[PDB]
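A short worksheet on the structure shown next.
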Amino acid sequence: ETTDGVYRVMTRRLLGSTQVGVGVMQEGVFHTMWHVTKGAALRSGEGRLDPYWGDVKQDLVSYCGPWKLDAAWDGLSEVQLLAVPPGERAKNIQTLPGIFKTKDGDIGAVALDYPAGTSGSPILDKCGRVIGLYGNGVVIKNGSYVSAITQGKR
Amino acid sequence: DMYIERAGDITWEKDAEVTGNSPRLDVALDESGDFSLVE
Ligand SMILES: CCC(=O)N[C@@H](CCCCN)C(=O)N[C@@H](CCCCN)C(=O)NCCCCCNC(=N)N
């Protein structure tokens with residue numbers, strides 16, 4: 001299957017079937033975070049998806065083609081995490097991003113806490129465009145989790 | 001060996017639950033792709 005949409009990334013190497021992450025199929029390319037697959041090939045039914053581009057520092061990887069997602073947070077509006085937790089139905093969570101301030105610029109960040117296997121879930125703007133992927137972040141003084149809105153370059 | 005399974009369309013949900021705050025955080029990104037808090 002190559003239909004656009006959000007997909008679970010599963011493995012049967014561990015006990016039972018384990019969800020290690022999530023990703024986005026768009027324009028024939030599968031997008032997820034590097035730490036989910038570590039750059040390894042993927043199976044899609046009887047087909048094979050080979051890695052095409054990846055970068056550990058960005059924590060991103062694309063399959064079958066170059067990175068296609070290029071929408072960006074507008075810095076003002078609420079967004080929605082389309083969270084796909086392990087063993088649970090996809091659900092939209094609306095939030096106003098905060099900001100990661102870095103020496104190389106600012107990026108949006110979402111203060112939402114989900115299981116590790118939710119890594120790669122897409123964050124969307126009000127037009128439904130994917131502005132980044134969830135799952136690379138920091139733990140705050142409160143112990144809470146905050147994920148960068150991680151977007152590639154098209 | 002990993003495989004993918006479709007989980008839905010990518011669409012905005014009109015009546016989604018709304019939660020989460022909006023912290024402004026000084027962070028650093030290292031060569032391994034890990035973010036750290038700068039304090
Ligand atoms: C589970 C511990 C944790 O939050 N790790 C952080 C990284 C902190 C780095 C500090 N220098 C993280 O972002 N992990 C990534 C994997 C490493 C990505 C590496 N590029 C992860 O499993 N994300 C999915 C959501 C996990 C939510 C955890 N929630 C709490 N810790 N309360």
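Residue numbering restarts at 1 in every chain; chains get A, B, ... in the order shown in the structure tokens, and ligands count up from 1 in that same order.
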Compute the set of protein, DNA and RNA residues whose minimum atom distance to ligand 1 is at most 10 Å, using only C-alpha atoms and all ligand atoms, and state it as a compact mmCIF listing (two decimals) with C-alpha atoms, in the first residue's frame.
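Just written: out_1.txt:
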```txt
# COMPACT_ATOMS: atom_id res chain seq x y z
CA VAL A 20 8.33 1.41 17.22
CA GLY A 21 7.03 4.55 15.52
CA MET A 33 12.17 10.04 12.29
CA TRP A 34 15.64 8.53 12.01
CA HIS A 35 15.57 7.12 15.54
CA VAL A 36 12.48 5.04 14.67
CA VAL A 56 20.84 11.86 12.23
CA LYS A 57 21.19 15.46 13.39
CA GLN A 58 17.76 16.39 12.01
CA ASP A 59 16.51 12.96 13.19
CA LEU A 60 14.65 12.42 9.88
CA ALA A 111 4.18 20.04 25.02
CA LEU A 112 2.37 16.72 24.59
CA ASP A 113 3.49 13.44 26.17
CA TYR A 114 2.93 10.10 24.38
CA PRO A 115 4.57 6.64 24.39
CA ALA A 116 7.89 6.30 22.61
CA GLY A 117 6.25 4.35 19.78
CA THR A 118 4.30 7.48 18.87
CA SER A 119 7.52 8.95 17.43
CA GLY A 120 6.97 10.17 13.89
CA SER A 121 3.34 11.16 14.33
CA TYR A 134 6.62 14.49 16.72
CA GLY A 135 9.16 12.73 18.89
CA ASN A 136 12.51 14.50 19.23
CA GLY A 137 12.53 16.75 22.27
CA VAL A 138 13.56 17.49 25.85
CA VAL A 139 12.37 16.89 29.39
CA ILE A 140 11.59 20.09 31.32
CA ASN A 142 8.80 19.66 35.74
CA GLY A 143 9.67 16.24 34.31
CA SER A 144 7.26 16.87 31.43
CA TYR A 145 8.02 16.21 27.76
CA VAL A 146 8.24 18.81 24.97
CA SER A 147 8.78 17.72 21.35
CA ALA A 148 10.30 19.83 18.62
CA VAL B 27 17.80 24.49 23.80
CA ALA B 28 20.91 23.16 22.08
CA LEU B 29 21.05 20.46 19.41
CA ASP B 30 24.14 18.27 19.34
CA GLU B 31 25.65 16.31 16.48
CA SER B 32 23.82 13.16 17.64
CA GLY B 33 20.46 14.85 17.09
CA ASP B 34 19.69 15.21 20.81
CA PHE B 35 18.18 18.42 22.19
CA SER B 36 19.35 19.68 25.58
CA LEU B 37 18.08 22.42 27.85
```
Taking only C-alpha atoms into account and nothing else, which residues of chain A lie no more than 8 Å away from chain B? Please answer as a compact mmCIF listing (two decimals) with C-alpha atoms, in the first residue's frame.
```txt
# COMPACT_ATOMS: atom_id res chain seq x y z
CA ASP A 4 -1.26 8.92 1.34
CA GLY A 5 -1.85 8.97 5.08
CA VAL A 6 -0.35 8.15 8.46
CA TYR A 7 1.15 4.70 9.11
CA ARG A 8 2.36 2.70 12.09
CA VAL A 9 5.92 1.37 11.96
CA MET A 10 5.89 -2.13 13.45
CA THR A 11 8.41 -4.86 14.19
CA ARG A 12 8.04 -8.52 15.11
CA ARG A 13 11.63 -8.85 16.36
CA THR A 37 14.07 2.98 11.87
CA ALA A 41 14.63 -0.80 4.94
CA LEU A 42 10.89 -1.20 5.50
CA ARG A 43 8.25 -3.67 4.34
CA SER A 44 4.86 -2.50 3.00
CA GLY A 45 2.78 -5.62 2.53
CA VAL A 56 20.84 11.86 12.23
CA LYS A 57 21.19 15.46 13.39
CA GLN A 58 17.76 16.39 12.01
CA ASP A 59 16.51 12.96 13.19
CA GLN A 80 -2.93 19.46 15.78
CA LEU A 82 -2.24 13.44 14.86
CA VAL A 84 -0.99 7.36 16.65
CA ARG A 89 -6.76 4.61 17.35
CA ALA A 90 -5.35 7.71 15.68
CA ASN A 92 -6.08 14.57 16.88
CA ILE A 93 -4.85 16.75 19.76
CA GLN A 94 -5.00 20.52 19.29
CA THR A 95 -2.43 22.74 20.97
CA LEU A 96 -0.64 26.06 20.74
CA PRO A 97 3.07 25.32 20.18
CA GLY A 98 5.79 26.78 22.32
CA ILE A 99 9.24 27.55 20.95
CA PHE A 100 12.67 25.95 21.04
CA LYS A 101 15.19 28.81 20.92
CA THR A 102 18.54 27.70 19.47
CA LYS A 103 21.72 29.41 18.34
CA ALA A 109 7.54 22.75 19.93
CA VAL A 110 4.55 20.86 21.31
CA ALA A 111 4.18 20.04 25.02
CA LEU A 112 2.37 16.72 24.59
CA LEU A 124 -0.65 19.51 11.08
CA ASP A 125 -1.79 23.06 10.41
CA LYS A 126 -5.41 24.10 9.90
CA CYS A 127 -5.14 23.23 6.18
CA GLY A 128 -4.13 19.65 7.00
CA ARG A 129 -0.55 20.10 5.77
CA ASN A 136 12.51 14.50 19.23
CA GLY A 137 12.53 16.75 22.27
CA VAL A 138 13.56 17.49 25.85
CA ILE A 140 11.59 20.09 31.32
```
Going by DSSP on the backbone, which residues of chain B come out as strand (DSSP E)? List them as a PyMOL selection string.
chain B and resi 2-8+17-18+24-29+35-37
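DSSP secondary structure from the backbone places residues 34, 35, 36, 37, 116, 117 and 118 of chain A of chain A in helix (DSSP H, G or I).
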Writer output for current selection, N, CA, C and O atoms, as a short mmCIF file (atom, residue, chain, number, x, y, z; two decimals), in the first residue's frame:
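Okay, out.cif is ready:
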```
data_model
loop_
_atom_site.label_atom_id
_atom_site.label_comp_id
_atom_site.auth_asym_id
_atom_site.auth_seq_id
_atom_site.Cartn_x
_atom_site.Cartn_y
_atom_site.Cartn_z
N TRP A 34 14.53 9.47 12.13
CA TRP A 34 15.64 8.53 12.01
C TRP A 34 15.68 7.54 13.17
O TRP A 34 15.94 6.34 12.96
N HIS A 35 15.40 8.00 14.39
CA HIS A 35 15.57 7.12 15.54
C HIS A 35 14.53 6.01 15.57
O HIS A 35 14.69 5.05 16.33
N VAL A 36 13.48 6.11 14.75
CA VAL A 36 12.48 5.04 14.67
C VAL A 36 13.04 3.84 13.91
O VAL A 36 12.96 2.70 14.37
N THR A 37 13.62 4.08 12.73
CA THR A 37 14.07 2.98 11.87
C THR A 37 15.58 2.80 11.86
O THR A 37 16.06 1.76 11.39
N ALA A 116 6.77 6.16 23.53
CA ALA A 116 7.89 6.30 22.61
C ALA A 116 7.51 5.86 21.20
O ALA A 116 7.94 6.47 20.21
N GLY A 117 6.68 4.82 21.08
CA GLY A 117 6.25 4.35 19.78
C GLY A 117 5.36 5.30 19.02
O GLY A 117 4.96 4.99 17.89
N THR A 118 5.03 6.45 19.60
CA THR A 118 4.30 7.48 18.87
C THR A 118 5.24 8.35 18.04
O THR A 118 4.76 9.16 17.23
#
```
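Interatomic distance, atom CA of residue A:150 to atom CA of residue A:132: 4.7 Å.
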